[PDB]
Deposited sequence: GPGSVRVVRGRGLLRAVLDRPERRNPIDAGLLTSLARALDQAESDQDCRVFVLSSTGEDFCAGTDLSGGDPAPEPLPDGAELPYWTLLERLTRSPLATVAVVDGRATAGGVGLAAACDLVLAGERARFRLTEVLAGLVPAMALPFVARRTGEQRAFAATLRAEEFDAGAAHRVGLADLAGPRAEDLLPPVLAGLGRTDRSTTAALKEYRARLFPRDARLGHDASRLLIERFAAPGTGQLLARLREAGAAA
């Protein structure tokens, strides 16, 4: 039926829209492949400055679609989250629905998270006997270690205001999509060279160790 992701080109921007609302926009190999290709297309256009991740229906992203790992290897979900943090593009998540489990990590790995009245964020992994090890670093770099780990242990649900007050969302309002035009106007005041250097410097100051992607991937598989 419909492809996992619909791509829309704009002025200096590429939008990837999660486009399976009837399945609650879950993460399958197809979604991860399509989002990577979309970021590749955006990065391959030297005039592109911004990558916008948005969605459809009641669910922004519901996490793994349930319908051995070599020493040193990492799973594709980890790789995609690291790319959203390391892209020369400004990455912007427009959250106007429920982000559940791996869907939280997907939003959190973006440079800016915009949350509307329908936004909800909840890591449900401990209820399935899992540690959300791949998502956690991307949440903890926003919320700090205590709120990320306590929210995991409690499967805490954040609405838009709660997400904004803990740093999981950068901006909050009635509708995330209506927050986007002023964000794009502001990003148009800088350039891709500058945004790239800024995100590379964030990795210099707040690095993730070389073994973490493997260790996080292995912990998710081991359980």
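Counting the deposited sequence from 1, the stretches lacking C-alpha coordinates are 68-74, 231-250.
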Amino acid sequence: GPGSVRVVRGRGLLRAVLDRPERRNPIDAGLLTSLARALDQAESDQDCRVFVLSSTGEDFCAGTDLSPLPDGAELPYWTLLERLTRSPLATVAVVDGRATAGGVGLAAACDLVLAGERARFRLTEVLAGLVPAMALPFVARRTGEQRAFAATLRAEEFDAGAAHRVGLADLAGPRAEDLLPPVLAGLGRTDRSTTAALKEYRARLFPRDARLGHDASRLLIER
From here on, numbers count along this sequence of modelled residues.
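The stretch 68-76 shows the higher mean C-alpha B-factor when 68-76 is compared against 113-121 in the entry. When the Cα B-factors of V52, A29, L198, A36 are read from the PDB record, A29 comes out highest.
Per-chain ranking of the deposited C-alpha B factor places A128 in the highest third.
In the deposited entry, the Cα temperature factor of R211 places it in the highest third of its chain's modelled residues.
Ranked by Cα temperature factor within the chain, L179 sits in the highest third according to the deposited record.
In the PDB entry, a CA B factor belonging to the highest third of its chain's modelled residues is recorded for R20. Sort the chain's modelled residues by C-alpha temperature factor and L14 lands in the middle third, per the entry.
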